[PDB]
Undergrad: 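Mind having a look at this structure? Questions to follow.
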Amino acid sequence: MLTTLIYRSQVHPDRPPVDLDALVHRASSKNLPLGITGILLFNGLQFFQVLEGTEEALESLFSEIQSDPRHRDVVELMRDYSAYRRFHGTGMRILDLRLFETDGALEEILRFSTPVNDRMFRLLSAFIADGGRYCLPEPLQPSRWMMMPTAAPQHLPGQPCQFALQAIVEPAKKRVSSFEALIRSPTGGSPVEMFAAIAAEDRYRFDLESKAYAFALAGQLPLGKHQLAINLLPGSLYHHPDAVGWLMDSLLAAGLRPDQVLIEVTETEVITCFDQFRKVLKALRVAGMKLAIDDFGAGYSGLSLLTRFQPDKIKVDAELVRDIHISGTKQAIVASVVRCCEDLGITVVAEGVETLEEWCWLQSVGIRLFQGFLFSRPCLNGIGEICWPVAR
Amino acid sequence: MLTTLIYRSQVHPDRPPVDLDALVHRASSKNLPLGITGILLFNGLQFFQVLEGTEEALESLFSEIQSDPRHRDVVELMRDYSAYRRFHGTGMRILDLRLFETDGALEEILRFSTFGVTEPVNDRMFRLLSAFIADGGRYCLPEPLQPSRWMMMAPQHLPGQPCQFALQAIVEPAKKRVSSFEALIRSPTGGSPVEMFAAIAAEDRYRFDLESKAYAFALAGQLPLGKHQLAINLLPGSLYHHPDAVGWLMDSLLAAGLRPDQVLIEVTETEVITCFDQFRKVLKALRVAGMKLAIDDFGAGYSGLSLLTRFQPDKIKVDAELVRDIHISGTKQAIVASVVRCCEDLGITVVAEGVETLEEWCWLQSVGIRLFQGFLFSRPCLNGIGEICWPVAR
Ligand SMILES: Nc1nc2c(ncn2[C@@H]2O[C@@H]3COP(=O)(O)O[C@H]4[C@@H](O)[C@H](n5cnc6c(=O)[nH]c(N)nc65)O[C@@H]4COP(=O)(O)O[C@H]3[C@H]2O)c(=O)[nH]1
Ligand SMILES: Nc1nc2c(ncn2[C@@H]2O[C@@H]3COP(=O)(O)O[C@H]4[C@@H](O)[C@H](n5cnc6c(=O)[nH]c(N)nc65)O[C@@H]4COP(=O)(O)O[C@H]3[C@H]2O)c(=O)[nH]1
Ligand SMILES: Cc1cc2nc3c(=O)[nH]c(=O)nc-3n(C[C@H](O)[C@H](O)[C@H](O)COP(=O)(O)O)c2cc1C
Ligand SMILES: Cc1cc2nc3c(=O)[nH]c(=O)nc-3n(C[C@H](O)[C@H](O)[C@H](O)COP(=O)(O)O)c2cc1C
Ligand SMILES: [Mn+2]
Ligand SMILES: [Mn+2]
Ligand SMILES: [Mn+2]
Ligand SMILES: [Mn+2]
């Protein structure tokens, strides 16, 4: 089974130059007996390599390549099965693009390779035309940042539920943007643990009802000028005819403003019925409450949803964040949600941010609002401690 | 009830500069009795106006504003129900951005506006305002791509067959080149795919869908396949519920004098997403075989770029729903521009389909579409290659 692997990487710019003639010859000598072929592209700052061979030969080679100190920021762009070798007879071969006139490098490629409808070919072009695009800038290296560190956890009695709060942060302004309320059982357990105790047919009712205790928690904080974010299933919003009006009454009694309350609905559940949700949407807009699409990029129905309606906020799902520093796929998609939301005036939050590596690459694709264990953990009935990225 | 209406537009650079003083006086004087507030930004080439008022008032005004000869390329950005007026003052203020340095324009805006208890940056209107001040010229339509600077410039039935195919050219206007042909199934009487499949038993539809393609392959083999690609439409089930569909297609296209790489399979976006994990083995086999894969009708229904996380197609066809009235829709403009950029980063080819007007071609090309399919260029041609119309100057 033939397979194609493509990645891009960067040189260490303050270190002595790597002898690439030696690298490439040694590589070509090693690749061909093992049934590995392909090319290397160098532009002065970045590498771009295509590899062809069996799944097993490429995996073992790429592990060595990943851990090679002679470059950094290895980002995979393509891993897929292949119909034929595009570089038959070429173990390895470098093209220094700086030695080439316009179109010249591509025309050399085409003369030893074995045409514009190919995914490998289009990416090559894309690297030659604009390689420095998803290059991680020097200030935004994870090694040039440092996370720096008191919460008051409290049990509230006489309550059928309680809530933890997680900060959504804007590290560029060292500012809390908003807090998300996350439901907990009476004994501090998970959302699942909470809803499992409630009878199945009362779960929509309970979901709506429980929000009153989150508003109360926001009121006694006393929150001030920060937004409150709240997870509701669409079905909970259809429970009572005046579910929106009840939310309003409840949040005002907690001393909150409507523009201060934001509703989080999951991407998968909105696409179920646009007929009944739009009546709720209209009620939320008229009342002044804001809407967010939670876990965007997970439930398949992505960016075309904006044709039907536009939320105030979009929360990028954790799956798009996991290993976004090594995935070109994820980088491209996330960066396209950013740019689309910027033109539409939609707030973008990245979720499940756990590592400096994740924060840096997300910052480099243009995300400013962040939510994750890296910055802030859920804190039962209070504001938890917040960690900020500090420069080096 | 209260409504927001935000748009941007572009002045005619050919014509004399617009009297803004007369504009703003008659605007604010007419707006005042009608209960219309808001703001107007101007950068020299572009207008950007926020309008607040009742739904019926803003509709009536937008009619006149769209009809106004003092500007063109009116692009609607936001229209929704509002809870409170962001601009509370009388009438209409004008803010010439040329006379402000960085951050200075937002300062001035915040003098005439409140955005609730929370930071102004949490409001969509304020974000759209900030975006215009930062880079309003982004979706400004260039001069060479104005519609007024362009203009547009036989085979029979085969009823004795179980089915026939119409061919439609996918074109690249810039290089005056036909990129590929799509095969669209037709009934023995020349009728639509719907009528065709309606005549086939439900238990037999998948098999028919796959086995019909032999007639499409035979058609393209009889035609000048001059290093052009052939696109064909298949349901997921048609590939999935066959013993070895890829092998069958391989046998059928090779027999007809075609290369594996000349054949591209189109699958509809909606029918793939709730099917994917089961459908993986077929997509894999098509890759190894050498055939190409397109996501047909991208944007249609309930799917998007989140699909591209899973697997990556060779081609993406933006649905006509997104191409429809893209010239007046900033939402579609932003969506399509984003998909184009995304696919460039992923090495995925993009076709805009259902292109009907010079207007659509212009706006699509400006946001980075190079490949087109629609009635503007080429209509479906039964059993042959149709006449392709090209856009040229004046
Ligand atoms: N691995 C990882 N996880 C992180 C990170 N940051 C936050 N999380 C977790 O992600 C969940 C918040 O996202 P969610 O879409 O609201 O996912 C929530 C939310 O959908 C939900 N939920 C919470 N409250 C309610 C509610 O009142 N009603 C409904 N219907 N659902 C709720 O149940 C889900 C489970 O929530 P939680 O236990 O609160 O788990 C929280 C949070 O702990 C991180 O950096 N890494
Ligand atoms: N208004 C407008 N329409 C345009 C324009 N350009 C093309 N079309 C039409 O859009 C349809 C092609 O899009 P499709 O995604 O393949 O959507 C097609 C395609 O999915 C499909 N179909 C065609 N052949 C087959 C087939 O063999 N198998 C399957 N499963 N579906 C097929 O049935 C759908 C309807 O097809 P058609 O009657 O052939 O109608 C064609 C075509 O006539 C345009 O500029 N404006
Ligand atoms: C940009 C880059 C491309 C590389 N390409 C290859 C290659 O194609 N084949 C290979 O064997 N090693 C390649 N390497 C080197 C490997 O990381 C590793 O050092 C080498 O395979 C060690 O093999 P050896 O110990 O047998 O000499 C590359 C390294 C870098 C920096
Ligand atoms: C960019 C621009 C913004 C405009 N804004 C307004 C406005 O806010 N209110 C208004 O009444 N007319 C506005 N107009 C003018 C209208 O298009 C139209 O000329 C106006 O209704 C005058 O018609 P009249 O004969 O009833 O006075 C605007 C025109 C332009 C080109
Ligand atoms: Mn949530
Ligand atoms: Mn979430
Ligand atoms: Mn099609
Ligand atoms: Mn289509």
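These values consider heavy atoms only, across backbone and side chains, with no hydrogens, waters or symmetry-generated copies. Proteins come first, then strands; the chains are lettered A, B, ... in the order of their sequence lines, and each starts at number 1.
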Undergrad: Please state whether the side chain, the backbone, both or neither of A:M120 comes within less than 4.5 Å of a heavy atom of chain B.
TA: neither
Undergrad: Measure across B:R124 and A:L344 and return the closest heavy-atom pair with its distance rounded to 0.1 Å.
TA: NE-O, 2.8 Å
Undergrad: Which bit of A:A332 is near chain B, if near means a heavy-atom gap under 4.5 Å: side chain, backbone, both or neither?
TA: both
Undergrad: For A:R133 and B:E344, run salt bridge (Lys or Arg N to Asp or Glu O under 4.0 Å): C-alpha distance rounded to whole Å, both residues' side-chain angles, the deciding distance at 0.1 Å, then the answer.
TA: CA-CA 12 Å; A:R133 184 203 298 282; B:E344 186 191 285; 2.8 Å; yes
Undergrad: Hey, does B:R287 have a side-chain heavy atom less than 4.5 Å from the side chain of A:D80?
TA: yes
Undergrad: Top residue by heavy-atom pair count (under 4.5 Å) with chain B, among A:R175, A:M289, A:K290, A:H226?
TA: A:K290
Undergrad: Check whether any side-chain heavy atom of B:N122 lies under 4.5 Å from a side-chain heavy atom of A:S177, and answer yes or no.
TA: yes
Undergrad: Chain B heavy atoms under 4.5 Å from A:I271: which part of the residue, side chain, backbone, both or neither?
TA: side chain
Undergrad: When heavy-atom pairs shorter than 4.5 Å are enumerated against chain B, which of A:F127, A:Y81, A:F296 gives the highest number?
TA: A:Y81
Undergrad: Looking at every non-hydrogen atom in both residues, tell me the closest pair between A:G302 and B:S306 and how far apart they are.
TA: N-OG, 3.5 Å
Undergrad: Heavy atom to heavy atom, less than 4.5 Å: which residues from residues 258-268 of chain A reach chain B?
TA: A:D259, A:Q260
Undergrad: Do you know which two heavy atoms are closest between A:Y300 and B:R310, and how far apart they sit?
TA: CE2-NH2, 3.3 Å
Undergrad: Side-chain contact, heavy-atom cut-off 4.5 Å: A:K173 with B:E119?
TA: no
Undergrad: Contact between B:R127 and A:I346 at the side-chain level, heavy atoms closer than 4.5 Å - yes or no?
TA: no
